[PDB]
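The chain that follows stands alone, in the form solved without its partner chain, written as structure tokens.
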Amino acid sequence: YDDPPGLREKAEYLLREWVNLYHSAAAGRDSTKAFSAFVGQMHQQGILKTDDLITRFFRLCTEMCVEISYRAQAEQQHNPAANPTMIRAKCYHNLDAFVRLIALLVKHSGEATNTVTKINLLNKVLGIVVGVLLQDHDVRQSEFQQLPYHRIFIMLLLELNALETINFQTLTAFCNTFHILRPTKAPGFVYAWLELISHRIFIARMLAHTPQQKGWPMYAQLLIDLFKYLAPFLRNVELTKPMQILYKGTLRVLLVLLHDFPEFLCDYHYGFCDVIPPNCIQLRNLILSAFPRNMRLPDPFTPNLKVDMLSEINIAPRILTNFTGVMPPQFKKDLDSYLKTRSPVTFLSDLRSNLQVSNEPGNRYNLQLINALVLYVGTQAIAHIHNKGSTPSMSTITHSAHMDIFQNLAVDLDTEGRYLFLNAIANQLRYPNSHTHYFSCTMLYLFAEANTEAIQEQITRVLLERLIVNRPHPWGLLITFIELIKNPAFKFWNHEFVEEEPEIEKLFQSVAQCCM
């Protein structure tokens, strides 16, 4: 680039040798005998002289292992007789030694001085690797090869991992790099990337072994980066075979998080829900099924289940995603003014227009704003009911500024608006908690007070969509559906609709067997 002359040849020699020293018997397993002798060699050859030189050396070392990989993958295709396992072994031989050198340098700097120089050096090397990665990725394109970086990153992570507080500084370094290499930035690195963020040691340290759960918000960012990446592809129905592999991969990862860390998915459900497209029933149902471990959910199918008596109906869930922020400051002010006064009455009339941040003919609605409005109005309603000295009931939730918004949106919006609006209500029908109960009654009231068949059809659609898909199915959603199908308002709706379109009846028949 701006490399002093002979530096590349000098570096490529030093590394070529370390690769030979690393595999030697004398090195000492950890390679410490070989390393002390190697640091000295680096001093006399003057590669450690300046910060810029240490930087250039690390970049040149990375560039060499990348060439060794392209050269290996070349004599793989240009000769099919050559063994793929033997070719892969040539890459690892070189990559592993380069990893040991980095790990031993970072470790040595941490011993000799402090954890801040150690960490700064760690970030310096990752920054350099990311840099080589993005250059290769952008130049080689369709020929880009993920193996050097993927092997470097995991081996280094594993080498550095084995105080606890000191390990958080190292996890943070890796998290920042993983976020820098998120698939919207490095799409050609996506499979290696998902293999990195979902690695059994990474998941463990990040979610289980980091204290006071400081690793939880960082992990959630990486999952949002994944969902944000998949969203346009998922939204556009058809998915390529490579995309289906990534989608099922995401399913496996999430299924592990749902089983091992349910409280994690539970706490960040709003966050994930804001980035997952509404058509991804099963994906979203995994996040909406997450509930705290030691909590007994009554069977939704128990006959004569009075839900209004479960002590959990008065406890609000934890929401770690500050949803209120999406609201334009004037809109939130006008909303708060309406909630406490029922003024201006023009706020309702302008509401549909405000939810239509249509700068594009394709977006049509501001979906994030639709969700925050719904959750905000419900939370404020739950507060206003409790403060008035009551429990959210089918009788307490009605004839309030809160229900005026929901009943307005239900009528005034078009079929796309309404679909998006009801999905926002349905995303709160989860484990037994005050939000599950509030939005269950709201949805049940909206159907029963509907003056248009369309409002009724759409509520049935969002609920049935979510139960016709394979398991898991949220508790609250099942409870709501079971309650709806009992209402005479539904029995009447069903009778007139099933007489006109009969294949619809097979959909309802699916729910008996399919459901939890």
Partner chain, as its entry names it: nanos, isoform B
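Numbering follows the first chain given and starts at 1. For the two forms, the rigid core is made up of the largest set of C-alpha atoms that agree within 1.5 Å on superposition.
A second form of this protein, the form deposited with its partner chain bound, is not displayed here; the remarks below concern that form.
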- request: Have a look at 368, 393, 167, 109 for me and say which one sits with a heavy atom within 4.5 Å of its partner chain in the bound PDB entry.
  value: 109
- prompt: Between the options 352, 214, 124, 386, which residue brings a heavy atom to within 4.5 Å of its partner chain in the bound PDB entry?
  reply: 124
- prompt: Quick one: does residue 451 come within 4.5 Å of its partner chain in the bound PDB entry, counting heavy atoms only?
  reply: no
- prompt: So, in the bound PDB entry, is residue 40 in contact with its partner chain at a 4.5 angstroms heavy atom limit?
  reply: yes
- prompt: Can any non-hydrogen atom of residue 447 be found within 4.5 angstroms of its partner chain in the bound PDB entry?
  reply: no
message: Please tell me whether any heavy atom belonging to residue 401 falls inside 4.5 Å of a heavy atom of its partner chain, as the geometry stands in the bound PDB entry.
response: no
message: Out of 111, 336, 299, 75, I need the residue that shifts by 2 angstroms or more at the Cα between this form and the one not shown, core superposed.
response: 111
